[PDB]
Every structure is written in structure tokens, then in C-alpha cells.
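>>> Once you've seen the sequence and the experimental structure below, I've got questions.
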Amino acid sequence: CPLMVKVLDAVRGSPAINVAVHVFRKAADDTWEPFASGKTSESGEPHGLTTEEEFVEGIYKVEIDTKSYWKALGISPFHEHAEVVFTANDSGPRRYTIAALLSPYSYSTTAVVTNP
Amino acid sequence: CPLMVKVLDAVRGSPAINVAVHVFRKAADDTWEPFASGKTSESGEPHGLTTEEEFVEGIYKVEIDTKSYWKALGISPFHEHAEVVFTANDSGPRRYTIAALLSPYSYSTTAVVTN
Amino acid sequence: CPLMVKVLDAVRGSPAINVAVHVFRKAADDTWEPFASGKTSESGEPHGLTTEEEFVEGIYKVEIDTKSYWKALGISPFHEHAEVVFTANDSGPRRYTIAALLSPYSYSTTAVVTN
Amino acid sequence: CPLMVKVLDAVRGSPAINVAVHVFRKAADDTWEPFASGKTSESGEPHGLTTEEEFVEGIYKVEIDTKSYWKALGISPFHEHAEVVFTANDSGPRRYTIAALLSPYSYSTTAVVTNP
């Protein structure tokens, strides 16, 4: 898995489960193209988003549907979503882990990039 | 201003100065429209982004040019920029501060909504 | 004040009000000695913790009573408190702000040191 | 491993490697007693800090030597260390993961608590 996403809930101290994760790539024509999507499992990760063959150099956008998560728990959050935009692999293939820590009025995002 | 932005540099322990901040509003066509922009001052805030008569309810996007900021410091960054997308609701208090804490491979954003 | 503390509540999107903040200094005997304390006001800051003549170089500890704060909100917290331990150096700028962002199972702390 | 610690470096986008982790328990006499210690591996985790038998109810302190980490990389950080103090297992045994995200003038700490 060259692109892994891990989502945590800072209010409950648990993995954020059943959260939708949508990934887009920037296309030749400056639009975002759908690339991959999934839902976080009990571990807070969507398993198998992409492959090493498919995950080529490019600008990627990872959108995490935090609004639907907090609403399904009865909280009206501040953010519409949490997005992470980055250039990938432009020095060769890497494995990326995007971690997102969620609160109703706050989120943080961190990337860990390791040589595959 | 009913909308303030405050940007901090976690590597140097200072306000993030001279960072471009762009604000968009969501229009009927589900496309973003330029609304406000500014450069952070030495306090890490771009002074006077908007006013309470233009800042009506709706969905707003705040884009912080983090990549240019880290490039000016000679530090390689992960993110292309930091974006904050939110709904402003009148029922809620009357002033929004979006705080952003920046590191090269991490950022956090927080909304402080005060009456 | 050469030392300010600012405490934010990430769950409610407001300053964390009425939070106890205790400051200690490290003494020769490697034991902490009470130095300053206060309760955060409605801005999330305990006004006037110290002065520039008492705030000499040394190692300081800032303890924020997060557990009492979350208990008052009826929200079960992980941490017993949040502590920030640091060295104040004159060579460094002349005002310290320790910012703390609180959630029940997470907190982050940041030092903004300005001239 | 009922107590796991994961340390990340927000400047380099990598696990924080070779970081010392010291764990103490609060003793009957109100002093901190040494309970366990280790160094983070290439994954940013110290492996095998404690056991389920040893990790009883109590107040625990996890100290992460962040100062030595940043100094070994040529940075003078703000914090002397990052500490996490919490009550453990007081509702029955749990597995705790303490994550710490490190910058020179900032750190964050998050706990994920899962039923064993």
C-alpha cells in the first residue's frame, strides 16, 4: 500500500471508523480526477486504496469526510471536510502515510514518507 | 473583522510572517469565488480581511500558501498548501479566528468562534 | 508579561475559560518551586502571570489542569493534566506565549517566542 | 503490548528514530517509580515496553526525551521533554497507544485506547 490513510478521533480516543476517504489526482487539464476512495475500518484505515503501478508521480488530493463522521455521532462540526494536497513520488516511488487527528473544531494532518 | 486568520511556525517558534492567505466563498454554481486575501503581518495575521456586512452566512474556504512559506525558509514541505473549508452560521457567535500551526510535514487548524 | 499562556478548546471551538494554570521554576535542588498561577479568563489567558524582573533565565514548568476542565464539561478525559517544560534563555526574544489546544484525548502545545 | 508509544518527526516527515522513552508509575508514597524504558526503532516505536501482567491500574507518566532527539539533529528545541500523564486500566485492562508528533517548538500527543 503506497498510500495509507489513518484517521483518529481525539474526543473518543479511538480510530475514527466508517469515515469516507476520497482521493483525486490533478489531471492534464487542471481539474481533479477521481483516483481512489474507501471507508476506514476498525483500525481507522481504509484498506487497499491504490497500487504501486497506479500511484504514479502527480499532485494528489486526499479528502476526508469529517463532517459526515461528526454528524453521525450527533456533533455539528466546524469543518466541511479535511483535505490534504501534496506532490507525490516526484523523486521516485515512496510510501506515504497520511494521519488525520479529528476534533469538532480542529484537525491536524501529518505525513510520514518512507522509502519503499 | 468577523474573520481573522492567525498563522504560527512550529519550527521557529514565531508567527509565520509574509504568508499569503486567500479566502473564497461558495457560489450557487458550486464554484469558489474570490472573497478576500492578504499577507500575514509580523503578528502572523493578515490585517483586515473582511467586514461584517460582506461576511454573510455561507460556505467559505481559507487557503494558506504554506509551500511558498517553507520555500522561503529553505525547508522542503509536504503540502501544496493548507485549506480550511467551513460553514459560517449567524446562529453561531459573531467572530471567527482560524488558527493554523505549521510544520514542513504537518499542520493543524483550529476555529475559535467567540461572541 | 514576558510569559503568557493561551488555552483553546478544540471540542467547542472557544477559548478554554476558567482553567487553572500553575507555573514552577527549577531550583538548585532539582525540585520545582511555585512561581506563578492563575485561571484563564474569557480570552483563554490567565492575565498577568509574571513580570520581566522575576522572569530570569532558567527551567520552567507550566501545568494546565485539563482534567478539571473536561470534568466541568461532563466529558471524560485521558490526561491527568498537560505540562510544558522549557528553558528560558535571554539570548532568545523577550516574550513567551505558550499556546495549548485541548481535546479530551489529545493536546498540542506550541511556544511563540517574539521580540 | 498493552502500552505502545509512536513518535513522529513533523520536520522530516518520518518516524522519530532512536528517541528514549521512559515510563514511571505513581507509587504509594506519591513519588514516581521507574516502570519501563526503551528507544524508538525505525518504526518510531520502542518494542516491548511492558506486559499485561505488569501493567496494572495506576497513574503512569510517559516521558519522551525530545530534547536529545532535536539536539542530535542540530536543532535547539524549546521543550526539555514531552510528558504524558494518565490513569490506566481503572475500568479494566485496555491497550493504549500514545502518539507524539514532534516539532522544535511544538508537540502534540494523542491517545488511542482499545479494548484488549
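Done, it's in. Numbering: from 1, shown residues only, chains lettered A, B, ... in the order given.
>>> near chain D, which residues of chain A?
Residues of chain A lying close to chain D by Cβ under 8 Å from any Cβ of the partner chain are A:8, A:10, A:13-15, A:44, A:99, A:101, A:108, A:110-114. In this view, the C-beta of every residue, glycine as well, is placed from N, C-alpha and C.
>>> Which ones, among those residues, also lie beside chain C?
A:10, A:13, A:101, A:108.
>>> Just among these, which is most surrounded?
residue A:10 (29 neighbours; other Cβ atoms under 10 Å in any protein chain shown).
>>> Isn't that residue up against residue A:105?
No - applying Cβ atoms under 8 Å, one finds residue A:10 not in contact with residue A:105, separated by 10.7 Å.
>>> coming back round to it: can I have the buried ones of the residues of chain A next to chain D as a PyMOL selection?
The buried residues among these can be selected in PyMOL (16 or more other Cβ atoms under 10 Å in any protein chain shown) with this line:
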select buried, chain A and resi 8+10+13+14+15+44+99+101+108+110+111+112+113
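>>> So which of the residues of chain A next to chain D sit within strands?
A:8, A:14-15, A:99, A:101, A:108, A:110-114 (DSSP state E).
>>> what does chain A have sitting close to chain B?
A:59, A:78-81, A:83-87, A:101, A:105-113.
>>> mind running it again at 10 Å?
Counting by Cβ under 10 Å from any Cβ of the partner chain, chain A comes close to chain B at A:26, A:59-61, A:63, A:67, A:76-88, A:96, A:98-99, A:101, A:103-113.
>>> Please check those and keep the buried ones.
Buried among the residues of chain A next to chain B by 16+ other Cβ under 10 Å: A:26, A:60-61, A:63, A:67, A:77-88, A:96, A:98-99, A:101, A:103-113.
>>> Let's verify residue A:68: helix, strand, or coil?
helix (DSSP: H, G, I helix; E, B strand; the rest coil).
>>> how about the residues of chain A near chain C?
Residues of chain A lying near chain C (Cβ under 10 Å from any Cβ): A:8-14, A:75, A:77-78, A:101-108.
>>> same thing but at 6 Å, please
Proximity of chain A to chain C (Cβ under 6 Å from any Cβ of the partner chain) is limited to residues A:10-11, A:13, A:78, A:103-106.
>>> ok, residue A:64 - contacts?
By Cβ atoms under 6 Å, 6 or more residues apart in numbering or on different chains, the contact set of residue A:64 is A:21, A:82, A:100.
>>> quick one: contacts for the closest residue to it other than its chain neighbours?
Closest residue to residue A:64 apart from its sequence neighbours, by Cβ to Cβ, 6 or more residues apart in numbering or on different chains: residue A:82 at 4.5 Å. Residues in contact with residue A:82 (Cβ under 6 Å, 6+ apart) are A:64, A:66, A:100, A:107.
>>> and what of residue A:26?
Per Cβ under 6 Å, 6+ apart, neighbours of residue A:26: residue A:59.
>>> partner residues bridging it?
residue A:32 (DSSP bridges).
>>> how far away is it from chain D?
21 Å (Cβ to the nearest Cβ, to the nearest Å).
>>> And the helices in chain A?
Using DSSP state H, the helices of chain A run over residues A:66-72.
>>> which residue sits farthest out from the middle of it?
residue A:29 (23.2 Å; Cα atoms, centre = their mean).
>>> buried residues in stretch A:16-36?
Neighbour-count burial for stretch A:16-36 [16+ other Cβ under 10 Å]: A:16-17, A:19-26, A:32, A:35-36.
>>> which residues touch residue A:33?
By Cβ under 6 Å, 6+ apart, the neighbours of residue A:33 are A:24-25, A:27.
>>> Please give me every residue in contact with the residue nearest to residue A:104 when sequence neighbours are not counted.
Leaving aside its chain neighbours, residue A:104 sits nearest to residue A:77 (4.5 Å; criterion: Cβ to Cβ, 6+ apart). Under the criterion of Cβ under 6 Å, 6+ apart, the neighbours of residue A:77 are A:67, A:70, A:104.
>>> Swap in 10 Å and give it another go.
Residue A:77 sits next to A:66-71, A:102-107, B:86-87, B:111, C:11, C:13 when contact means Cβ atoms under 10 Å, 6 or more residues apart in numbering or on different chains.
>>> Residue A:59 too?
A:24-27, A:32, A:85-88, A:90, B:80.
>>> repeat that for 7 Å
A:26, A:85, A:87, B:80 (Cβ atoms under 7 Å, 6 or more residues apart in numbering or on different chains).
>>> I'd assumed residue D:111 was in contact with residue A:13.
Yes - between residue A:13 and residue D:111 there is a contact under Cβ atoms under 7 Å: 5.1 Å.
>>> what are the bridge partners for residue A:108, then?
Bridge pairing for residue A:108 - DSSP bridges - gives residue A:101, residue B:108.
>>> isn't it right next to residue A:102, touching?
No - using Cβ under 7 Å, residue A:108 is not in contact with residue A:102, being 8.6 Å away.
>>> what sits against the residue of chain A found nearest chain B?
In chain A, the residue found nearest to chain B is residue A:108; the distance is 3.4 Å by Cβ to the nearest Cβ. Residues in contact with residue A:108 (Cβ under 7 Å, 6+ apart) are A:101, B:106-108, D:108.
>>> what's the burial count for residue A:100?
Residue A:100, neighbours per other Cβ under 10 Å, totals 23.
>>> Was I right to think it contacts residue A:106?
No - using Cβ under 7 Å, residue A:100 makes no contact with residue A:106, being 11.2 Å away.
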